Structure formats: C-alpha cells, structure tokens
> 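Before I ask anything, let me first share the structure, which is written out below as structure tokens.
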Amino acid sequence: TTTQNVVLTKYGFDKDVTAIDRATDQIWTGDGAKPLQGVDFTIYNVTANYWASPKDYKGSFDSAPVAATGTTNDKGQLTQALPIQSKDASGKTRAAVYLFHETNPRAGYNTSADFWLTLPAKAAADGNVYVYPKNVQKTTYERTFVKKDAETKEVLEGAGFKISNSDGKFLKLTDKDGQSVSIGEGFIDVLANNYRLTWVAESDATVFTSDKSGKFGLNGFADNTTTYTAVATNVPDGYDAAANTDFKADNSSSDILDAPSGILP
C-alpha cells in the first residue's frame with residue numbers, strides 16, 4: 001500500500017560554485033540558484049538488482065523495471081509517489097530501492113550522476129523526501145551578426161541565412177526531444193528555450209533572419225574553435241547577396257554587408 005513522495009529539485013549554479021549536499025529531510029530553496037525546467041529523469045526500481053547482493057550493488061539498473069518518468073517543471077521539480085516496499089528477484093518483499101537516471105539535461109548543463117536510495121527515507125516535516133541532484137553548468141558560446149546596407153550602413157531587416165560546417169552540413173534547431181521548431185527573426189536564445197543544434201542537409205536547415213535591428217544569431221554552441229559559414233539564402237529585393245561569412249562561436253558581433261544592386265542607364 002504505502003508510498004513516500006520523492007520531490008526532486010534541479011538547480012543550476014554558476015560554474016565555479018559547488019552546492020553543499022542536502023539531506024532528504026531538508027527543504028532547500030536554492031539560495032537564488034536558477035531552477036532548471038525541462039530535464040528528464042527515469043526512475044528505475046532496482047530492488048531486485050540490489051537485493052541479489054547488497055554489498056556488491058554499484059548502481060546497475062540493467063533489466064530493472066521503470067518505476068516512473070518525469071520532467072522538471074518551471075520550479076525545477078518533479079514529484080513522484082514511490083512504494084516503500086517492493087519484491088526482489090525471488091518474490092520476497094524487501095525495502096524498495098530506486099535509482100534516478102537523468103536522460104536529458106538542460107541545454108548548457110552537464111548531466112548529473114546516477115543516484116539511488118532505499119525507502120523509507122528520512123522525510124522533512126511535511127512528509128516528503130527531498131533530493132537535489134547536481135547539474136554543473138558548462139560554458140557555451142554564442143554569435144551575433146548585424147545585416148547592413150553596404151552603402152547607407154543602416155541595418156537591414158528580413159535577410160535570410162543558413163549555417164554550414166566543414167562537412168557541408170547545415171544547422172537545424174530542434175526542441176529537447178529532437179522535433180522541429182518554428183524560428184523567427186533575430187537572435188535565437190537556444191539556452192532559454194532548451195533547443196538543440198543539429199547538422200543536416202541544406203534543404204532541412206534552419207533559416208535565420210535579420211530582425212528590425214538587423215540582428216540575427218544564436219547561443220548554445222559547444223566550442224569556440226570550429227569554423228562555420230553564414231550563407232545568404234534570402235536576399236532583400238534591390239540588394240546583391242552578401243558574400244559567405246566564415247566565423248567562430250566566439251561571443252562576438254560583426255556586420256554582414258549587402259550591396260544595393262546597381263542599375264545602369
């Protein structure tokens with residue numbers, strides 16, 4: 001019959017800050033750390049795996065049934081009621097053991113290590129068992145471009161670009177689950193939207209487009225050492241296609257110029 005509520009809360013910290021551990025009976029607000037939404041966990045029931053030989057259990061969830069799955073909400077939380085008792089491989093009732101496995105980290109963050117515990121666990125005053133897995137922020141990189149009229153030097157809205165890598169593959173943004181998303185004008189905040197960068201054929205690539213300040217680009221690049229190329233695909237009427245622009249994700253902004261098309265007598 002009986003279950004305990006396990007409340008998992010996922011907080012992000014500055015890269016050089018390492019949270020102190022919290023007991024399961026303590027409610028911790030995160031002290032200003034940012035809650036991480038959209039992070040997927042699978043909870044495995046490893047009762048049988050552990051009780052086959054407790055002193056040898058090193059975290060295997062091979063063949064373990066899935067007790068639950070979830071995704072952190074806006075508060076960084078997922079809550080799951082778990083049976084405090086479960087059966088081992090021979091059918092005998094035992095204290096249940098559950099292993100928490102992060103299957104999909106937030107963009108810009110490392111995954112957290114697998115952890116496990118026995119129930120019932122020490123609970124807070126409200127009866128819930130609180131866990132706070134650590135996800136360390138990894139440094140990522142961004143790039144901004146400003147489209148301008150080569151003659152007037154004024155910013156130019158509505159210019160379309162695709163991005164290519166050294167293999168001739170082009171950038172496609174997806175959501176956390178790998179599905180298509182609708183990208184508009186401007187700088188795309190990959191980190192804030194929890195998007196992914198993928199590399200595909202030119203025809204399926206994402207088009208980035210200069211906004212009303214001429215701006216386009218994105219964050220969430222893995223490194224600042226690889227060369228990519230911005231290639232004009234949509235040219236505003238009355239301009240000549242900008243030349244390809246080689247770049248690195250180096251957190252800079254730089255201008256891409258469009259020459260007004262010349263009309264001769």
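For this chain, numbers begin at 1 and follow the sequence in order.
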> Do you see a donor-acceptor pair shorter than 3.5 Å between the side chains of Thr226 and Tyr228?
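Their side chains do contain a donor-acceptor pair, which is all the 3.5 Å distance test asks for.
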> Which side-chain N or O atoms in residues 59-66 pair as donor and acceptor under 3.5 Å with protein atoms at least two apart or in another chain?
from  : atom 1 : to    : atom 2 : distance (Å)
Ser60 : OG     : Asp62 : N      : 3.2

> Under 3.5 Å, side chain of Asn219 to main-chain N/O of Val190, donor-acceptor pair present?
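At least one qualifying donor-acceptor pair exists.
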> So does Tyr239 get a backbone contact from the side chain of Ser261, meaning a donor-acceptor N/O pair under 3.5 Å?
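Indeed, once roles are kept as given, a pair shorter than 3.5 Å links the two residues.
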> Closer than 3.5 angstrom, by distance alone: can the side chain of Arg143 be matched with the main-chain N or O of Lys248 as a donor-acceptor pair?
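Here the side-chain-to-backbone pair exists.
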> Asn128 side chain to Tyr130 main-chain N or O, any donor-acceptor pair under 3.5 Å?
no
> Mind running side-chain contact (heavy atoms from CB on, under 4.5 Å) on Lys176 and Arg196 for me, showing each step along the way?
CA-CA 6 Å; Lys176 48 167 285 203; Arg196 304 285 178 271; 3.6 Å; yes
> Under 4.0 Å between a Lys/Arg side-chain N and an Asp/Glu carboxylate O for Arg22 and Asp31?
yes
> Does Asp167 reach the main-chain N or O of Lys169 with its side chain, forming a donor-acceptor pair under 3.5 Å?
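Side chain of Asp167 to backbone of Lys169: no pair is present.
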> Could you walk me through whether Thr93 and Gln85 pass the side-chain hydrogen bond (donor to acceptor under 3.5 Å, both in side chains) test, one step at a time?
CA-CA 7 Å; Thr93 304; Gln85 303 180 3; 5.3 Å; no
> Can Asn49 and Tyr57 be said to form a side-chain contact (heavy atoms from CB on, under 4.5 Å), step by step?
CA-CA 7 Å; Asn49 307 69; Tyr57 190 69; 3.9 Å; yes
> Would you call the rings of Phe247 and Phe145 parallel, tilted or perpendicular if under 30° counts as parallel and over 60° as perpendicular?
perpendicular
> Please assess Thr233 against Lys162 for the test side-chain hydrogen bond (donor to acceptor under 3.5 Å, both in side chains), listing each intermediate value before the final yes or no.
CA-CA 7 Å; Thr233 69; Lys162 283 177 186 185; 5.7 Å; no
> Quick one: do the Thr229 and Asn244 side chains pair a donor with an acceptor below 3.5 Å?
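No, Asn244 and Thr229 have no side-chain donor paired with an acceptor closer than 3.5 Å.
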> Apply side-chain contact (heavy atoms from CB on, under 4.5 Å) to the pair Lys148 and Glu154, showing each step before the final yes or no.
CA-CA 5 Å; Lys148 291 179 177 178; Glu154 283 206 350; over 6 Å; no
> Set out, in order, the CA-CA distance, both residues' side-chain angles and the distance that settles side-chain hydrogen bond (donor to acceptor under 3.5 Å, both in side chains) for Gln37 and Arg106, then state yes or no.
CA-CA 7 Å; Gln37 180 281 333; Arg106 206 181 160 79; 3.1 Å; yes
> Verify the ring-centre separation between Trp199 and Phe170: is it less than 6.0 angstrom?
no
> Over all heavy atoms of both residues, which pair between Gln137 and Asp14 is shortest? Give the atoms and the distance, please.
OE1-CA, 4.2 Å
> When rounded to the nearest 0.5 angstrom, what is the spacing between CZ in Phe41 and NE2 in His101?
9.5 Å
> Would you say the ring centroid of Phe216 lies under 6.0 angstrom from that of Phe161?
yes
> Taking all heavy atoms of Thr24 and all of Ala121, pick out the closest pair and write down the distance.
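Nearest pair, atom of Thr24 first, then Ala121: OG1-CB, 4.3 Å.
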> Is the backbone N or O of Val97 less than 3.5 Å from a side-chain atom of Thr47, with the two atoms forming a donor-acceptor pair by type?
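Such a contact is found between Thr47 side chain and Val97 backbone.
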> Using a 3.5 Å distance criterion without hydrogens, assess whether the side chain of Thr198 forms a donor-acceptor pair with backbone atoms of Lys172.
yes
> Testing the basics here: between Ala205 and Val200, what is the closest heavy-atom pair and its distance to 0.1 Å?
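Taking every non-hydrogen atom into account, N-CG2, 4.0 Å.
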> So does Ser213 get a backbone contact from the side chain of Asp211, meaning a donor-acceptor N/O pair under 3.5 Å?
yes
> Apply side-chain contact (heavy atoms from CB on, under 4.5 Å) to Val131 and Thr9, showing your working.
CA-CA 6 Å; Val131 292; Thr9 304; over 6 Å; no
